[PDB]
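Here the structure comes first, spelled out in structure tokens, and everything after it is commentary.
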Amino acid sequence: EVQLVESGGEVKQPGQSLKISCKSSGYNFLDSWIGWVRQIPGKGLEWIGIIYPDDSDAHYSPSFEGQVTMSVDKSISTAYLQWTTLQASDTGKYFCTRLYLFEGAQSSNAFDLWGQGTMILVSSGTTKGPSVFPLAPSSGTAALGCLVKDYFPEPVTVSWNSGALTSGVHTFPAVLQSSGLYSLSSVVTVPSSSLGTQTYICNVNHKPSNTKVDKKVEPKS
Amino acid sequence: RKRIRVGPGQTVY
Amino acid sequence: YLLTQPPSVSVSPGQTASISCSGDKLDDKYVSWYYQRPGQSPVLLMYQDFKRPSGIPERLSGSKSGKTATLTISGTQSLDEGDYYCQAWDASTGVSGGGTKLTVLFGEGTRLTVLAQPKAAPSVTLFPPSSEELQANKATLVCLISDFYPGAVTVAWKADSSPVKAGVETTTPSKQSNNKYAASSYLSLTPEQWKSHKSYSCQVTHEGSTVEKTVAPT
């Protein structure tokens, strides 16, 4: 088990400072470059820089330079990335990675090891439970569900009939709204026969705000 | 060991 | 310099897929490729144009020609779906000295679809704002897109006839229990905008075909 272990994901306000780490084992730490890469959710891979653990020689990409500091502590096989002042545009999952020197009569290098990433979400948003609204039976087979509006931060969990009802349920992933708060929907597919006889309630839990809700979904009379 | 070899005939370090 | 990749490539299982990666200095720069499943860390697939690191199957092969490198996957199975990235370097000394400055570059990635089932056209259900949301002075249209394949759609919202891009949010499609995909799109409106249109529409496009629902105030 050669590997890289990074520190936990975190939520930060803008303006704050920050320091994530990346811990090394299974090979000789001082001897291989460490690179840093960022990935915004849903987006591609962005190079931050590389650092040589043995001598702290460092190469930075233009758009990161002077905004972020790489460093290493040799005594604890640990590499660091740090922000003196955080911006919202600093959001993403951060990867540390080992540039390996492969050898032959034509040597070269590739990133063969990757930490698991450190999720860094920068936001002014306050922590809070969602407002929940019924999505009344539509359209057989009819669809009904719950709109879970405006919580922070992720995630929230959604059940149906306290968890008695699991068949025909699809809870969507969440959207970040412009406001910086999330919302999603969970939907249930059913026959029209049951509609108006069977009972449908969504149970929503948002632990960070310790909010819990149950909402009766019903059709129009 | 610091060798980074970027392409044919190109070495740094 | 920058690396240009096709945003997406589609292949039938058992057939061969190529992922291209063009770039101006790539004709004197080794290219490596990385795989990444949604959620997981990238993994090295290939380095120095065509060499496979230990444990990568022969069925994968890299090549280069001129200013374009290529990754080729023969015998494509479903598990190959995901994002593929090429990468190379830059090395130049600054005009005023101070040694070689290195750059690590990545293509923007190619998402690979492997079509393991027949095209299914989406069902579209569009919900108007609930009385409850309206009594809290808000309005959100919800448009749910179900039972489609493959998992790619684009949504357009109309207000009456004209398109609205303001206040729209749309999830990436995810798998359903039945193994077809589903997505959702949201339009945020004032109770004033809602009450004041003849109607709103969510139009979904899947493989060139459209399906749309329309709703109106109660």
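Residue numbering restarts at 1 in every chain; chains get A, B, ... in the order shown in the structure tokens, and ligands count up from 1 in that same order.
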
I need the residues in segment 31-112 of chain A that are strand (DSSP E) according to DSSP; give them as a VMD selection string. chain A and resid 33 to 39 46 to 51 58 to 60 69 to 73 78 to 83 92 to 102 108 to 112

Using only C-alpha atoms, which chain A residues lie at most 8 Å away from chain B, written as a PyMOL selection string? chain A and resi 31-33+52+101+106-109

Output file for the selection above: N, CA, C and O atoms, as a PDB file, in the first residue's frame:
```pdb
ATOM      1  N   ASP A  31      11.872  11.948  -2.363  1.00  0.00           N
ATOM      2  CA  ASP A  31      12.489  11.727  -3.661  1.00  0.00           C
ATOM      3  C   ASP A  31      11.607  11.904  -4.878  1.00  0.00           C
ATOM      4  O   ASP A  31      12.129  11.902  -5.988  1.00  0.00           O
ATOM      5  N   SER A  32      10.292  12.047  -4.680  1.00  0.00           N
ATOM      6  CA  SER A  32       9.365  12.255  -5.807  1.00  0.00           C
ATOM      7  C   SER A  32       8.598  13.566  -5.673  1.00  0.00           C
ATOM      8  O   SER A  32       8.279  14.003  -4.567  1.00  0.00           O
ATOM      9  N   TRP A  33       8.306  14.193  -6.805  1.00  0.00           N
ATOM     10  CA  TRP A  33       7.528  15.420  -6.807  1.00  0.00           C
ATOM     11  C   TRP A  33       6.112  15.168  -6.331  1.00  0.00           C
ATOM     12  O   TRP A  33       5.540  14.104  -6.565  1.00  0.00           O
ATOM     13  N   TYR A  52       9.041  19.677  -4.848  1.00  0.00           N
ATOM     14  CA  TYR A  52       9.984  18.616  -4.563  1.00  0.00           C
ATOM     15  C   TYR A  52      10.194  18.529  -3.060  1.00  0.00           C
ATOM     16  O   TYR A  52      10.701  19.457  -2.447  1.00  0.00           O
ATOM     17  N   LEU A 101       9.014   9.091 -11.448  1.00  0.00           N
ATOM     18  CA  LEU A 101      10.052   9.028 -12.477  1.00  0.00           C
ATOM     19  C   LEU A 101      10.218   7.592 -12.966  1.00  0.00           C
ATOM     20  O   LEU A 101      10.845   6.765 -12.294  1.00  0.00           O
ATOM     21  N   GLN A 106      14.987   5.897 -22.109  1.00  0.00           N
ATOM     22  CA  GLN A 106      14.178   7.056 -22.438  1.00  0.00           C
ATOM     23  C   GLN A 106      13.291   7.247 -21.232  1.00  0.00           C
ATOM     24  O   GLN A 106      12.190   6.715 -21.204  1.00  0.00           O
ATOM     25  N   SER A 107      13.764   7.973 -20.227  1.00  0.00           N
ATOM     26  CA  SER A 107      13.025   8.084 -18.973  1.00  0.00           C
ATOM     27  C   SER A 107      11.900   9.071 -19.109  1.00  0.00           C
ATOM     28  O   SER A 107      11.812   9.790 -20.099  1.00  0.00           O
ATOM     29  N   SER A 108      11.028   9.092 -18.113  1.00  0.00           N
ATOM     30  CA  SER A 108       9.972  10.091 -18.056  1.00  0.00           C
ATOM     31  C   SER A 108       9.143   9.997 -16.782  1.00  0.00           C
ATOM     32  O   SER A 108       9.507   9.304 -15.837  1.00  0.00           O
ATOM     33  N   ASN A 109       8.020  10.701 -16.769  1.00  0.00           N
ATOM     34  CA  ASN A 109       7.262  10.906 -15.542  1.00  0.00           C
ATOM     35  C   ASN A 109       5.764  10.895 -15.758  1.00  0.00           C
ATOM     36  O   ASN A 109       5.274  11.449 -16.737  1.00  0.00           O
TER      37      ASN A 109
END
```

Residue hits in chain C, query chain A, radius 8 Å, only C-alpha atoms, as a count of residues only: 31

Give me the residues within 7 Å of residue 88 of chain A as a ChimeraX atom specification, counting only C-alpha atoms and dropping any in the same chain fewer than 6 places off. /A:14,122-123

Which residues of chain C are close to chain B, meaning at most 9 Å apart when you count only C-alpha atoms, and how do they look as a PyMOL selection string? chain C and resi 26-31+48+88-91+100+102

Considering only C-alpha atoms, return as a PyMOL selection string whatever protein or nucleic-acid residues lie within 7 Å of residue 142 of chain C, sequence-local ones (same chain, fewer than 3 positions apart) excluded. chain C and resi 126-128+185-187

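Proximity to residue 67 of chain A at 10 Å, evaluated using only C-alpha atoms and with sequence-adjacent residues fewer than 6 positions away removed, yields residues 82, 83, 84, 85, 86, 87 and 90 of chain A.
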
Mind the document's chain letters and residue numbers, and return as a PyMOL selection string the residues of segment 55-210 of chain C that DSSP labels alpha helix (DSSP H). chain C and resi 131-135+191-196

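If only C-alpha atoms are the atoms counted, then among C:210, C:110, C:63, C:78 the closest residue to residue 123 of chain C is C:210.
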
Can you list, as a ChimeraX atom specification, every protein, DNA or RNA residue that comes within 12 Å of segment 11-18 of chain C when you count only C-alpha atoms, leaving out same-chain residues fewer than 4 positions away? /C:5-6,59-64,68-81,84,110-118,150

Since we have the selection now, will you write its residues out, keeping C-alpha atoms, as an mmCIF file, in the first residue's frame?
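Saved the output as again_5.cif:
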```cif
data_model
loop_
_atom_site.group_PDB
_atom_site.id
_atom_site.type_symbol
_atom_site.label_atom_id
_atom_site.label_comp_id
_atom_site.auth_asym_id
_atom_site.auth_seq_id
_atom_site.Cartn_x
_atom_site.Cartn_y
_atom_site.Cartn_z
ATOM 1 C CA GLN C 5 -10.136 16.999 -26.549
ATOM 2 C CA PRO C 6 -13.564 16.010 -27.867
ATOM 3 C CA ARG C 59 -6.900 -3.643 -24.836
ATOM 4 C CA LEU C 60 -5.928 -0.077 -24.037
ATOM 5 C CA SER C 61 -3.326 1.535 -26.242
ATOM 6 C CA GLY C 62 -2.001 5.034 -26.706
ATOM 7 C CA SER C 63 -0.400 6.612 -29.756
ATOM 8 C CA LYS C 64 0.678 9.935 -31.167
ATOM 9 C CA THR C 68 -2.382 14.925 -31.952
ATOM 10 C CA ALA C 69 -2.111 12.113 -29.393
ATOM 11 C CA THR C 70 -4.703 9.310 -29.210
ATOM 12 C CA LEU C 71 -6.074 6.866 -26.652
ATOM 13 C CA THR C 72 -7.763 3.784 -28.059
ATOM 14 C CA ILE C 73 -9.990 1.369 -26.180
ATOM 15 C CA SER C 74 -10.852 -1.864 -27.967
ATOM 16 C CA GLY C 75 -13.507 -4.200 -26.570
ATOM 17 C CA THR C 76 -15.285 -1.378 -24.735
ATOM 18 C CA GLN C 77 -17.345 -2.660 -21.805
ATOM 19 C CA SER C 78 -19.811 -0.637 -19.662
ATOM 20 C CA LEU C 79 -17.265 -0.163 -16.817
ATOM 21 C CA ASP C 80 -15.129 1.956 -19.198
ATOM 22 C CA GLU C 81 -17.713 4.768 -19.061
ATOM 23 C CA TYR C 84 -10.624 10.560 -19.769
ATOM 24 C CA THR C 110 -13.683 13.299 -22.660
ATOM 25 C CA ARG C 111 -16.755 11.553 -21.257
ATOM 26 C CA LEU C 112 -17.178 8.110 -22.748
ATOM 27 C CA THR C 113 -20.633 6.646 -23.229
ATOM 28 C CA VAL C 114 -21.005 2.946 -23.827
ATOM 29 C CA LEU C 115 -24.466 2.185 -25.165
ATOM 30 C CA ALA C 116 -25.579 -0.960 -23.347
ATOM 31 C CA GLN C 117 -29.276 -0.539 -24.103
ATOM 32 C CA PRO C 118 -31.744 0.842 -26.654
ATOM 33 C CA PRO C 150 -28.773 7.433 -23.010
#
```

Separating atom CA of residue 131 of chain C from atom CA of residue 208 of chain A, to the nearest tenth of an Å, is a gap of 27.7 Å

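Atom pair atom CA of residue 21 of chain A / atom CA of residue 99 of chain A has a distance of 17.0 Å (rounded to one decimal).
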